[PDB]
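>>> My complex, part one, positions kept as in the full thing:
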Amino acid sequence: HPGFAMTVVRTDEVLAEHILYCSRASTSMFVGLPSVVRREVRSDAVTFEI
Amino acid sequence: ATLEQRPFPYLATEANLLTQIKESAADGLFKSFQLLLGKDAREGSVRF
Amino acid sequence: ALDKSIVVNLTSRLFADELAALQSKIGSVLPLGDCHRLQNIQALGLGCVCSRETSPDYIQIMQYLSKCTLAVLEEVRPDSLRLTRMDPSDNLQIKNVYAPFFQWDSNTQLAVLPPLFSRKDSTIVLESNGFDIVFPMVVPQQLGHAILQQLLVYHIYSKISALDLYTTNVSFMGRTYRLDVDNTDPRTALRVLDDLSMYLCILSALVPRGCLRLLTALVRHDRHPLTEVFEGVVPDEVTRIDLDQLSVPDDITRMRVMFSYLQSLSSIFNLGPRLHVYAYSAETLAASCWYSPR
Amino acid sequence: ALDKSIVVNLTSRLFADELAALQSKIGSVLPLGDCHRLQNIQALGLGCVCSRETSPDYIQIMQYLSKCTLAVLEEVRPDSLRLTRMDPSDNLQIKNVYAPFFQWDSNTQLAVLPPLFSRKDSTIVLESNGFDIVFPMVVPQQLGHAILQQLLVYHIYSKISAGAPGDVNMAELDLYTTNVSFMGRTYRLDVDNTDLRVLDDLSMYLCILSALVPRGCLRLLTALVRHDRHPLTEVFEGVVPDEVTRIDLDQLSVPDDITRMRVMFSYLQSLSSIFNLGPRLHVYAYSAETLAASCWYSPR
Amino acid sequence: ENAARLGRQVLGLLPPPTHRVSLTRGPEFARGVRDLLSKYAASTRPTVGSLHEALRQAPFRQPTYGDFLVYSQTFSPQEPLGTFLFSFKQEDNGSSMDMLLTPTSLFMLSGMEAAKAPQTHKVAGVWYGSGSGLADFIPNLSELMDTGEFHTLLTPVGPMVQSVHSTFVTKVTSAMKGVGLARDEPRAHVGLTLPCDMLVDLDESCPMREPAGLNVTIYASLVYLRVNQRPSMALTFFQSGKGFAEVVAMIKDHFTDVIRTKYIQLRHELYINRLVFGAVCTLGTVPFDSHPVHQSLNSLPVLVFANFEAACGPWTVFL
Amino acid sequence: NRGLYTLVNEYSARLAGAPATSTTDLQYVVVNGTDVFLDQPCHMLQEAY
Amino acid sequence: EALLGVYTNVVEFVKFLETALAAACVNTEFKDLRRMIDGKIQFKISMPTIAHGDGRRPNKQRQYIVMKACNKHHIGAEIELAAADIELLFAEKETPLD
């Protein structure tokens, strides 16, 4: 025995499956309109963006 | 006090220290009417 | 037409502290990690490669900037930080803020340094979302080399203790500037210093005998303007090498292999990529510059 | 999104003899010291800095060329000239006159240089505006950045003979240095039998720049000790000479070093750029007998 | 028919008109500005007809090429169409003459060992002679390597486009300035092809963060050695999107093995031309986040890229 | 130090104080704090089991 | 040797409103994010109290100014379109191969 004792800590992960409740009329939603912005122009394909 | 010991402690953090951050121009209202000075404002007169 | 476009979404609002730290800085340069339209807050500034509890260095953090592409601010809205990047050939308008007010001109040569003057000057605090945004500093040649000149001085003299006025103050024409050096990680600086014995020891061996003889004729009675650095005193070696009769084609073939390594010093004395201002106002500080990666 | 045709004002007409000498070349690369095209002649060329009056300087001229936008001519008109502004990745066309001639091998690296020749076949006098037009020296790089190679050693031994005339042979210092040998075609320079002095801003440095190079690596070796310290520096003892490791630092003390050290720190980067910052072109399509090539450029 | 059908190409392939807006005559300023936003409201919406008019907008796409000459024995009779191309110059034989070297070629120019490349030695033996297949035309293989002059005469060119193999002269059209368009297969460009023997990757490590982009750079390097006390080179390639200051400090960590045995040799002899080391060339920037596609040919594992813009920096010395 | 009504509106959304990685071999520190879906309750009650 | 089939894959088109989650939120015919930089709605919510005969000085009812905001949420969708899509959307009128 050396001249001390000691405490030990770990951590852990647990994959849980969760239940989520959401009551009625909590958020007001605001759906906009989509868009098009062209960028990153290569020679083969031009990557569009919505 | 200092945020506690009060009626309705949920509305503590909403009413007290959020409105201090936001209310710099008092613009949480719905603009409806305007008082244009005269028939033609010309953007120079003080509009109410 | 093309539209390079970067806007930073945010999950919790700017505060009254970091508004005025950022509303005042409407134009500057800060890096990125990834090229998109959108970006999380933990990839903007210099604060990825450097942190408070991690002991920074003044080499690899600058050396990290050669990987990235770097962007220019546009707006500071209370939600979002609006930016734009640098297209490999496109002009912009940038207007610096920096509290060490330095004077640019038209037709200059600017680079970007990590902040070496003071960290609390540059490290802004972000009480909303924790991750600090350390600002890099847009800097010309004459300063940008001179602090790299100042660095490779000092981290040799960091061991020569084992003082302060001689070894850190940036000798600019007009002012001197103390750096922020107490607790660094100078081992990447220790590489570059030991990368000099790769050259400065080895450049010494093929020095020709001809140009060394000019030094003995110089300091005696033919004193030139800048050469009073010698202060009328020779180095000890200058009379210890000149024993050769000055054979010319020896020194011809000596200076060719010498001429190679002068270009090799670019690869060790690099800055970041390079800025090309052509039009510029001094009272406004706004410029007009196209991107050159270096 | 393009306009490269810049008409630059004179204040009067040309001379009479300088018709065909300016019809001798029709396309060359001139600098353009103004972002705008509404421009005098007193700002386009090297006469904003380099002229008769200023001291013969090299580094500021070396700073100037990449600092200044270039332009390519198309036709000589009696009212004004025709500059086509340099963008990155720009097409142009060269029909040369350069004295001496330098052969234009295609697909190599083709640089822009400061001239050092005799200034009679190197400039054209305009007393219409007081402006000697200075064509930049345009030589390919393996010739061009190594044109300093034979000249420099030829330049230094003239300085020791200027203080002690019993040291250097003349006709032996000529032969290996007066003729640049590349491609197998030998080229002779211009000798300057007047009294070179433009190169005081290099060679007078490089002798001072050869002083403490075998002095700086004494303390540098034994300084920063770890076992993580670099491995090849043990191998790199096999280069450094024997007299170098015999220097005593009794002569120079530690706070005395700071001025003498930083000068030697200073010229090991300021010299490294001026052989790298030679902005530079390439030929993709070349014609030999016509001397009308189609090529491309990016300033660097 | 020519005026009937072939016009409807050129009646439609034109670029859009830079739209003209009248300042004065106020009843015509509004007729102008109204027909801008109705042209702009197309380029926002993701519907079908709104899309294809945002595609006529096109940048400058025109890189120029190189018409060369090859002694058709110095040409290996096949190529994987996306090789690197050198151009070696010592002296002009005829008026318009040229000689080219592939990355499969330069292995056969020193007679180097099979330890530095045990992959292309079986490959590039059938493609050429035995090292003397190019010694018939250049008697200066040694003295360029002896004096340290081989690393300057090579001019980097780029990829191929298409070459016509004939009886005595193979006509080669290379590619420069950027994107090399292919010929036999339209709409696809020349895939630059590097072997898996010669590209050395720089990124691999434990998981333990690096920024992405559109920019990983291929480096052209050269490392001296002296096998059997004979002058001999080493083609070695790289791939790194990590700036210029890092990789010169990283190529030296790659080729530390050469330098350690090197000054074991010249510890007791001084030849000033034996002190210069090598050089770096930059060839162009692959989009970082793309794929080096492992393609097998004749064995010969080959990486191939896509959308390769090309450039050429000077040969920069390093230790 | 703050009152607990702040602590409920902070615990549901904010990332932890330097938590551990998943799916890799050793317990690394997370630096890409943008993807790991941990909700650790070792903070609020200040415990160790 | 023969062919025996190339088979149809279908992406299941389920939008937001078609789920049962819409009984939690509030959905309108809203249009504009790009106009309105984030403001607020300043509620002031009234308050019932108990009246009873205290020996104390009793409670005046209180009036709480209640502080609501909005939250900007960006979403980006991505398309690549190759060069053959670009051109032959224009040309026409050849043959049944066309």
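Right, received. Where do you want to start? Numbers count the residues shown, from 1 in each chain, chains lettered A, B, ... in the order given.

>>> ranges for the strands of the chain?
You didn't pick a chain, so chain A it is. Using DSSP state E, the strands of chain A run over residues A:48-49.

>>> could you do chain G instead?
Remark: strands assigned in chain G by DSSP E are G:41-45, G:64-68, G:78-79.

>>> among the ones you listed, which is the most enclosed?
Across those, averaging neighbours per residue (mean count of other Cβ atoms under 10 Å in any protein chain shown) puts strand G:64-68 on top, at a mean of 16. Where you see a C-beta, it was placed from the backbone N, CA and C, and this is true even at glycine.

>>> distance between that strand and the chain's centre?
Computed by Cα atoms, centre = their mean, to the nearest Å, the separation of strand G:64-68 from the middle of its chain amounts to 25 Å.

>>> Stretch F:7-23 now?
Between the centre of stretch F:7-23 and the centre of its chain there are 3 Å (Cα atoms, centre = their mean).

>>> Including distance to residue E:65, could the strands of chain G go into TSV?
As requested, those are exported to TSV (distance: least, Cβ to Cβ, whole Å):
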stretch	distance to residue E:65
strand G:41-45	65
strand G:64-68	65
strand G:78-79	32
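
>>> Point me to the residue of chain F nearest chain C.
For chain F, the residue closest to chain C is residue F:34, as judged by Cβ to the nearest Cβ, at 5.2 Å.

>>> Pull out the buried residues from stretch F:41-49.
Buried residues in stretch F:41-49, counted by 16 or more other Cβ atoms under 10 Å in any protein chain shown: none are found.

>>> got the residues of chain E near chain C?
Proximity of chain E to chain C, by Cβ under 8 Å from any Cβ of the partner chain, involves residues E:57, E:59, E:148, E:209-215, E:241-246, E:248-249, E:272-273, E:275-276, E:280, E:314, E:316-319.

>>> An error on my part: the question was meant for chain B.
Within reach of chain C by Cβ under 8 Å from any Cβ, chain B has these residues: residue B:21.

>>> Confirm that residue C:18 sits in a helix.
Yes: counting by DSSP: H, G, I helix; E, B strand; the rest coil, residue C:18 falls inside a helix.

>>> picking up where we left off before, relative to residue D:61, how far out is the nearest residue to the residue of chain F closest to chain C once chain neighbours are set aside?
Spatial nearest neighbour of residue F:34, excluding adjacent residues (Cβ to Cβ, 6 or more residues apart in numbering or on different chains): residue C:40 at 5.2 Å. Going from residue C:40 to residue D:61 by Cβ to Cβ, to the nearest Å gives 49 Å.

>>> Same question for residue B:9.
77 Å.

>>> Which residue of these two possesses the greater neighbour count?
Neighbour count, other Cβ atoms under 10 Å in any protein chain shown: between residue B:9 and residue D:61, residue D:61 has more, with 19 against 13.

>>> who's in contact with the more buried one?
Contacts for residue D:61 (Cβ atoms under 8 Å, 6 or more residues apart in numbering or on different chains) come out as D:46, D:49, D:50, D:114.

>>> between the residues you listed, which is closest to residue G:43?
Distance from residue G:43 was checked for each of these by Cβ to Cβ. The minimum falls on residue D:49, at 69.7 Å.

>>> State the distance from the closest one to residue C:226.
21 Å.

>>> ok, now residue A:21?
From residue A:21 to residue C:226 the distance is 80 Å (Cβ to Cβ).

>>> Next: residue B:10.
As judged by Cβ to Cβ, residue B:10 and residue C:226 stand 75 Å apart.

>>> With residue B:7 instead?
Computed as Cβ to Cβ, the residue B:7 to residue C:226 distance reads 81 Å.

>>> Give me the nearest residue to whichever residue of chain A sits closest to chain G, chain neighbours excluded.
Closest approach between chain A and chain G, counting by Cβ to the nearest Cβ: residue A:50, at 3.8 Å. In space, and not counting its chain neighbours, residue A:50 is closest to residue G:77: 3.8 Å by Cβ to Cβ, 6+ apart.

>>> Sequence for chain H below, add it please:
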Amino acid sequence: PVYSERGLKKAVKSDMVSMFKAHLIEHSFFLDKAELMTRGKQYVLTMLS
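Next up, chain H placed on what we already have:
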């Protein structure tokens, strides 16, 4: 609301803290405990409702 009526003074706040503790131990992962019970349905229903 019965646990917070008097007002959040110092003695009520800390008594809430040690009331998380006994609730975190017993009534968490409540479906997994419900496979090894006599009662069953009147544990989940007393948890959910």
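
>>> what about residue E:32, is that helix, strand or coil?
Classification of residue E:32 by three-state DSSP places it in helix.

>>> Who are the contact partners of the residue most central in space within chain E?
For chain E, the residue nearest the mean C-alpha position is residue E:158 (3.9 Å; Cα atoms, centre = their mean). Each residue near residue E:158 by Cβ under 8 Å, 6+ apart is listed here: E:84, E:85, E:174, E:175, E:176, E:180, E:283, E:284, E:310, E:312.

>>> Show me where chain G has its helices.
G:83-87 (DSSP state H).

>>> got the residues of it near chain A?
For chain G, the residues in contact with chain A (Cβ under 8 Å from any Cβ) are G:16, G:21, G:23-28, G:30-34, G:70, G:76-83, G:86.

>>> Which of these are buried? Put it as a ChimeraX command.
In ChimeraX, this line selects whichever of the residues of chain G next to chain A come out buried by 16+ other Cβ under 10 Å:
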select /G:33,81,83,86
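
>>> Between the contacts of residue E:158, which sits nearest chain F?
Set against chain F, the nearest of the contacts of residue E:158 by Cβ to the nearest Cβ is residue E:284 (30.6 Å).

>>> Could you verify that the closest one is part of a strand?
Yes: counting by three-state DSSP, residue E:284 is found in a strand.

>>> how much space is there between the closest residue to it other than its chain neighbours and residue D:106?
Of all residues not flanking residue E:284 in the chain, residue E:310 sits nearest, at 3.9 Å (Cβ to Cβ, 6+ apart). To residue D:106, residue E:310 is 17 Å away according to Cβ to Cβ.

>>> where do the helices sit along chain F?
F:4-11.

>>> residue nearest the centroid of it?
Closest residue to the average C-alpha location of chain F: residue F:16 at 2.7 Å, with Cα atoms, centre = their mean.

>>> List the residues that contact that residue.
Shown in contact with residue F:16 (Cβ under 8 Å, 6+ apart): F:38, F:40, F:43.

>>> what subset of those is also close to chain A?
Here is what survives when the contacts of residue F:16 are matched to chain A using Cβ under 8 Å from any Cβ: residue F:38.

>>> For chain B, state which of the contacts of residue F:16 is nearest.
residue F:43 (18.5 Å).

>>> does the closest one really touch residue F:11, like I thought?
Yes: with contact defined as Cβ atoms under 8 Å, residue F:43 reaches residue F:11; the gap is 7.4 Å.

>>> For chain A, give me its nearest residue in the stretch 1-150 of chain C.
Nearest to chain A, among the residues of the stretch 1-150 of chain C, is residue C:3, at 5.2 Å (Cβ to the nearest Cβ).

>>> likewise chain G?
Closest point on chain G to chain A, by Cβ to the nearest Cβ, is residue G:77, at 3.8 Å.

>>> Can you tell me how far that residue is from residue D:224?
From residue G:77 to residue D:224 the distance is 54 Å (Cβ to Cβ).

>>> can you check residue E:186 too?
Taking Cβ to Cβ, one finds residue E:186 at 60 Å from residue D:224.

>>> How about residue C:107?
Noted for residue C:107: a distance of 41 Å to residue D:224, by Cβ to Cβ.

>>> ok, whichever residue of chain H sits closest to chain A - contacts?
In chain H, no residue comes nearer to chain A than residue H:29, which is 7.1 Å away by Cβ to the nearest Cβ. Counting by Cβ under 8 Å, 6+ apart, residue H:29 touches residue A:16.

>>> What are the phi and psi values at it?
When read as degrees, to the nearest 10, the backbone of residue H:29 gives phi 50, psi 50.

>>> if I look at it, how far off is chain G?
25 Å (Cβ to the nearest Cβ, to the nearest Å).

>>> cool, residue B:30 as well?
9 Å.

>>> again, but for residue C:257
As judged by Cβ to the nearest Cβ, residue C:257 and chain G stand 50 Å apart.
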